[PDB]
K.L.:
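Take a look at the following structure, please.
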Amino acid sequence: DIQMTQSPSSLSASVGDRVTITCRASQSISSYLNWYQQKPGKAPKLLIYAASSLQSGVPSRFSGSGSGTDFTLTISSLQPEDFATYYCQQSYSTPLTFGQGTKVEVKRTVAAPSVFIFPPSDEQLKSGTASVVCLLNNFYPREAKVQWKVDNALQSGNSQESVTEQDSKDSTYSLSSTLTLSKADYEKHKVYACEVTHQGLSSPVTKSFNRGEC
Amino acid sequence: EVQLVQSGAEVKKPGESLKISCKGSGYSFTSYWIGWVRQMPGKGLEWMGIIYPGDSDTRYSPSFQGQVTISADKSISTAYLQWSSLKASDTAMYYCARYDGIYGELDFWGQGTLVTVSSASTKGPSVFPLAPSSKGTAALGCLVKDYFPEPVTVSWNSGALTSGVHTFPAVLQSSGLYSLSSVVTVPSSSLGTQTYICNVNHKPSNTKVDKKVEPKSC
């Protein structure tokens, strides 16, 4: 009955930056607005209640403001530990509802990925499937595009990818992408290419192999 | 101190029933409302419902009304969340939380119960090499393919190699089985001499595998 809209959905900022996250309610909720912090692999943790009151234990760099429909959480000076996902939540009227969340990640200098490609193994090929893997290592920002090409044909729908959590030491990401095709399909074609587009690269980087090469 | 402790991770099949629990300690359990919160993988938080354990007075969110039953056993200071017939879309992390009546905040949270619902069956991984070049920074690794359920553990050289290691989150394949890669960047000059072995363990299927990864020959 009351919708909470958070903005932005994702935020990049340097250590010591002022961070502001906004939460908007579909109707006036007085001051019954809560903020929670969630770190990866952990339970949400109460930061702020009644819009602006700090939970005991929470550092004074966290503050909240707003009444009625518009609310903001502020982190006055970002610290390494503050990188997490943040949720607003109204407790003004049932059903109680959460905002969609805001991920706060560390800003650093843009870094282009180092790109590596791996042919499928002979052991795997014996099972009737070919997995071709492309690695994008130690890059920033997170946003990156992998385009698989088989004999110049752009592949779509037959790949899956994942990204590591931001590195705590160097603030980079890495991405692994697997192209999956049948043994029969793999052996019918020759050139396997992983084309990488990223803000840090002036133009796309392609790593490729001819089936048979080692 | 106030603590909420939730039951262990669940791996279930569609159509099966399930009841997970949440025990409160370090306070009067019958004095505070207890909420249940759903979090789908990589998604946001959703309020499901709330119970006052003193009298089992319950409110459900409209989306979960008739989908779940929330209950409590005050004699053992425990609140429950239950399904009679699980669906794969019930896959999520479930949190219980204490609700404080003054401002309506959820001030203390359980550690969470992970519920995985899938028609897939327990299966150990196959481990394939991601081979470095045989002809500078080189990458090599292991593809840990076709296992269920999560998780697997991966180390390199029995824990002696940690530098430059990236073990990626698993992806769920259309087959319903998971696939995971673990890589490491090394000097290309070490390739001839240094041994690289990935140690993979999948406890649910009792599948333990060591895979030596080296340059291939042509």
Side-chain angles (χ1 to χ4, degrees), chain A residues 39-42 85 103 116 118 120-121 123-124 127 129-137 142 144 146 148 157-167 173-181 194, chain B residues 8-14 39-43 88-94 112-130 139-156 162 164-184 198-211 213:
Chain A
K39 299 190 190 194
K42 301 193 83 177
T85 303
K103 190 158 193 173
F116 305 87
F118 299 95
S121 64
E123 201 201 326
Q124 190 192 11
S127 73
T129 303
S131 293
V132 196
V133 174
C134 187
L135 165 66
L136 287 56
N137 206 43
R142 196 179 175 270
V146 172
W148 284 101
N158 52 1
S159 59
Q160 284 181 295
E161 64 174 43
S162 69
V163 185
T164 48
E165 278 177 38
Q166 192 164 37
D167 192 288
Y173 297 90
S174 293
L175 185 152
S176 177
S177 177
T178 306
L179 174 68
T180 305
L181 54 170
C194 171
Chain B
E10 300 278 348
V11 181
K12 310 294 290 175
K13 297 255 200 294
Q39 184 165 52
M40 292 185 170
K43 296 273 191 172
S89 63
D90 289 320
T91 300
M93 180 73 73
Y94 295 91
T113 301
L114 187 65
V115 178
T116 305
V117 185
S118 177
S119 65
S121 286
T122 305
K123 192 181 179 175
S126 287
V127 181
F128 304 114
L130 299 170
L140 61 95
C142 285
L143 179 62
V144 182
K145 197 181 159 60
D146 295 331
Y147 66 92
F148 180 90
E150 296 212 77
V152 296
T153 59
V154 189
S155 63
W156 285 91
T162 53
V165 175
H166 294 291
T167 295
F168 292 85
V171 295
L172 180 58
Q173 300 165 107
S174 65
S175 68
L177 309 177
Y178 294 88
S179 183
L180 171 153
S181 69
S182 180
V183 299
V184 62
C198 70
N199 326 112
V200 178
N201 195 23
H202 184 239
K203 291 190 194 74
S205 75
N206 208 43
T207 306
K208 196 173 282 171
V209 180
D210 298 304
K211 175 88 208 168
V213 185

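Below, chain A is the first sequence line, B the second, and so on; all start at residue 1. In what follows, every heavy atom counts, from backbone to side chain, and hydrogens, waters and symmetry copies are set aside.
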K.L.:
Applying side-chain contact (heavy atoms from CB on, under 4.5 Å), name anything that partners A:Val163, two or more places apart in sequence or on another chain.
P.N.:
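A:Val163 satisfies side-chain contact (heavy atoms from CB on, under 4.5 Å) with A:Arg142, A:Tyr173, A:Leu175 only.
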K.L.:
More than 12 heavy atoms of other residues, nucleotides or ligands under 6.0 Å from NZ of B:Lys13: is that the case?
P.N.:
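Enclosed: over 12 neighbouring heavy atoms sit under 6.0 Å from NZ of B:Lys13.
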K.L.:
Show your reasoning for whether side-chain contact (heavy atoms from CB on, under 4.5 Å) applies to A:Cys134 and A:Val132.
P.N.:
CA-CA 7 Å; A:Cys134 187; A:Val132 196; over 6 Å; no
K.L.:
If you look at every heavy atom in B:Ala139 and A:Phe118, which pair is closest and at what distance?
P.N.:
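That would be O-CE2, 3.4 Å.
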K.L.:
Check the side chains of B:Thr116 and B:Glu150 for a donor-acceptor pair under 3.5 angstrom, ignoring hydrogens and angles.
P.N.:
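Note: B:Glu150 and B:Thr116 side chains miss the donor-acceptor criterion.
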K.L.:
Could you go through the side-chain contact (heavy atoms from CB on, under 4.5 Å) check for B:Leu180 and B:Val154 one step at a time?
P.N.:
CA-CA 10 Å; B:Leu180 171 153; B:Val154 189; 4.0 Å; yes
K.L.:
Between B:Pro149 and B:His202, is there a side-chain heavy-atom distance shorter than 4.5 Å?
P.N.:
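A side-chain contact under 4.5 Å exists here.
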K.L.:
Can you list everything that forms a ring pair (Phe, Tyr, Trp, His ring centres under 6.0 Å) with B:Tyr94? Sequence neighbours excluded, please.
P.N.:
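Checked B:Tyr94 against ring pair (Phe, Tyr, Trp, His ring centres under 6.0 Å); matches are B:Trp83.
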K.L.:
Can you tell me how far CG of B:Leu143 sits from OG1 of A:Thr178, rounded to the nearest 0.5 angstrom?
P.N.:
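CG of B:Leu143 is found 5.5 Å from OG1 of A:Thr178.
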K.L.:
I'd like to know if the side chain of B:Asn199 pairs up with that of B:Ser155 as donor and acceptor (distance under 3.5 Å, no hydrogens or angles considered).
P.N.:
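Side-chain D/A pair, B:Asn199 to B:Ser155: present.
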K.L.:
Looking at residues at least two apart in the chain, or sitting in another chain, which of them share a side chain to side chain donor-acceptor pair (under 3.5 Å) with B:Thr207?
P.N.:
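Applying side chain to side chain donor-acceptor pair (under 3.5 Å) to B:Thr207 gives B:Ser205.
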K.L.:
Might you point out which heavy atoms bring B:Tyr147 and B:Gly124 nearest each other, and give the distance in Å?
P.N.:
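Minimum heavy-atom contact is CB-C, 4.1 Å.
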K.L.:
Begin with the C-alpha distance, continue with both residues' side-chain angles, and end with the deciding distance and a verdict on side-chain contact (heavy atoms from CB on, under 4.5 Å) for A:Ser159 and A:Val146.
P.N.:
CA-CA 10 Å; A:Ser159 59; A:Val146 172; over 6 Å; no
K.L.:
B:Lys123: what forms a side chain to side chain donor-acceptor pair (under 3.5 Å) with it, not counting sequence neighbours?
P.N.:
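Once residues adjacent in sequence are excluded, B:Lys123 has no partner under the side chain to side chain donor-acceptor pair (under 3.5 Å) criterion.
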K.L.:
Can you list, pair by pair, the side-chain donor-acceptor contacts under 3.5 Å of residues 164-176 of chain B, counting residues two or more places apart and other chains?
P.N.:
{"from": "B:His166", "atom 1": "NE2", "to": "A:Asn137", "atom 2": "OD1", "distance (Å)": "3.4"}
{"from": "B:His166", "atom 1": "NE2", "to": "A:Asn138", "atom 2": "OD1", "distance (Å)": "3.0"}
{"from": "B:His166", "atom 1": "NE2", "to": "A:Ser174", "atom 2": "OG", "distance (Å)": "3.4"}
{"from": "B:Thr167", "atom 1": "OG1", "to": "B:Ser182", "atom 2": "OG", "distance (Å)": "2.8"}
{"from": "B:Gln173", "atom 1": "OE1", "to": "B:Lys145", "atom 2": "NZ", "distance (Å)": "2.5"}
{"from": "B:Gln173", "atom 1": "NE2", "to": "B:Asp146", "atom 2": "OD1", "distance (Å)": "3.0"}
{"from": "B:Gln173", "atom 1": "NE2", "to": "B:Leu177", "atom 2": "O", "distance (Å)": "3.0"}
{"from": "B:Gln173", "atom 1": "NE2", "to": "B:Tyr178", "atom 2": "O", "distance (Å)": "3.4"}
{"from": "B:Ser175", "atom 1": "OG", "to": "B:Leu177", "atom 2": "N", "distance (Å)": "3.2"}

K.L.:
If you round to the nearest 0.5 Å, how far is CE of B:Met40 from CE of B:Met93?
P.N.:
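Between atom CE of B:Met93 and atom CE of B:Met40 there are 13.5 Å.
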K.L.:
Mind checking the CG-CH2 spacing from A:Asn158 to A:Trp148? Nearest 0.5 Å is all I need.
P.N.:
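Those atoms lie 10.0 Å apart.
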K.L.:
Is any side-chain heavy atom of A:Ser176 closer than 4.5 Å to a side-chain heavy atom of B:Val183?
P.N.:
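They are not in contact (no side-chain heavy atoms under 4.5 Å apart), so the answer is no.
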K.L.:
Taking atom CD of A:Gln160 and atom OG of B:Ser179, what is their separation to the nearest 0.5 Å?
P.N.:
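Going from the CD atom of A:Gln160 to the OG atom of B:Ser179 covers 7.5 Å.
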K.L.:
Could you tell me which residues satisfy side-chain contact (heavy atoms from CB on, under 4.5 Å) with B:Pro14, sequence neighbours excluded, listed by chain and number?
P.N.:
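Applying side-chain contact (heavy atoms from CB on, under 4.5 Å) to B:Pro14 gives B:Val117, B:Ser119.
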K.L.:
Pair B:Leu130, B:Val213 - check side-chain contact (heavy atoms from CB on, under 4.5 Å), show working.
P.N.:
CA-CA 7 Å; B:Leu130 299 170; B:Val213 185; 5.7 Å; no
K.L.:
Let me confirm one number: the OG1-CD distance from B:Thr91 to B:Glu10, rounded to the nearest 0.5 Å.
P.N.:
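Going from OG1 on B:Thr91 over to CD on B:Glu10, the span is 12.0 Å.
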K.L.:
Just wondering, more than 12 heavy atoms not from A:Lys103 lying within 6.0 Å of its NZ?
P.N.:
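Check fails, neighbour count at 12 or below.
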K.L.:
Between OG of B:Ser118 and CZ of B:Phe148, what distance do you get to the nearest 0.5 Å?
P.N.:
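The OG atom of B:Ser118 sits 4.0 Å away from the CZ atom of B:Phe148.
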